[PDB]
């Protein structure tokens, strides 16, 4: 009953995570996808929150939603294939990243998060387990279930149950991410939850000898307990540390459109439909996140590889 519809469009491969995640192949294009499987009667608002955000967000550093399928018991989300693994696993594998490798990764995180804020959203659960590498070793932001329109990464105001601005909470989380990338351990860490809570509230952390003066200053600018003292996203885009070795601000605007359609992909898609080109373009432009949406976006991913 639950897998009947999904099997009309996808050939299932193995479970990789237990939401349960399955790898699969889109039958029509032959493209690999990841499928997130969530049970309705085992948080339903968290599923609807993520779906609503992903239907509205489309960006080179956000893991793309292709197709949404629903049954009485399950909701399936067909998503962009990211075989490079979690950033969390990558940092551990490397112990810690150099300042230069941290900047490569961090500029991509800044790009995705600045775009999310530009769209009127705040992620609210930024952490290395929520950033994946695709086949090109480019980062993709995942899990928009807690977004607004993990304790080690949470801003002090957010833990205290106080009112907060989502953008300020994201800037603090990005500061914790920045520290983890360059150190390979958390700035606030404890086995006891209350002792961790105390450490976050105090905002004091050890500064390893390998951190450069510029890294230390950026960390200080992001890790401010008072949210009004944290750096704004606008100032993060062209921060001196961010610009070092690059000399251009972070490109945060989306390169992945809703309006423009790719002519080659429209042609490839149209051969599978008993409709003219203009009818197919108008249907694609409705972005229903049905099989048509998945087919078009997967053909765009196939084109990108070549």
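Residue numbers count along the first chain shown, from 1. Here the rigid core means the biggest group of C-alpha atoms that line up within 1.5 Å when the two forms are laid on top of each other.
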Name the stretch that deviates more in 6 other deposited structures of this protein: 74-82, or 206-214? Use RMS CA distance to the shown form, core superposed. 74-82
To spell it out: superpose each other structure in 6 other deposited structures of this protein onto this one by the rigid core, compute Cα RMS over structures and residues for 255-263 and for 55-63. Which is larger? 255-263
Of the other PDB entries compared that resolve residues on either side of residue 43, does at least a third omit it? yes
Of the other PDB entries compared that resolve residues on either side of residue 179, does at least a third omit it? no
Unmodelled stretch from the deposited sequence between residue 202 and residue 203, which bin: none, 1 to 3, 4 to 9, 10 or more? none
Per the entry, how many deposited residues between residue 42 and residue 43 lack coordinates? The answer is 1 to 3
So 31-39 or 56-64, which one's hotter by mean CA B-factor in the entry? 31-39
Identify the stretch, either 216-224 or 155-163, whose C-alpha atoms have the larger mean B-factor according to the entry. 155-163
Hey, out of 124, 103, 74, 127, whose CA B-factor is highest in the deposited coordinates? 74
When the modelled residues of the chain are sorted by Cα temperature factor, does residue 276 land in the lowest, middle or highest third? highest
Lowest, middle or highest third - CA B-factor, residue 184: middle
Name the third of the chain's ranked CA B-factors that contains residue 191, choosing lowest, middle or highest. highest
Third of chain Cα B-factors occupied by residue 133: lowest
If you rank every modelled residue in this chain by C-alpha B factor, which third holds residue 168: lowest, middle or highest? lowest
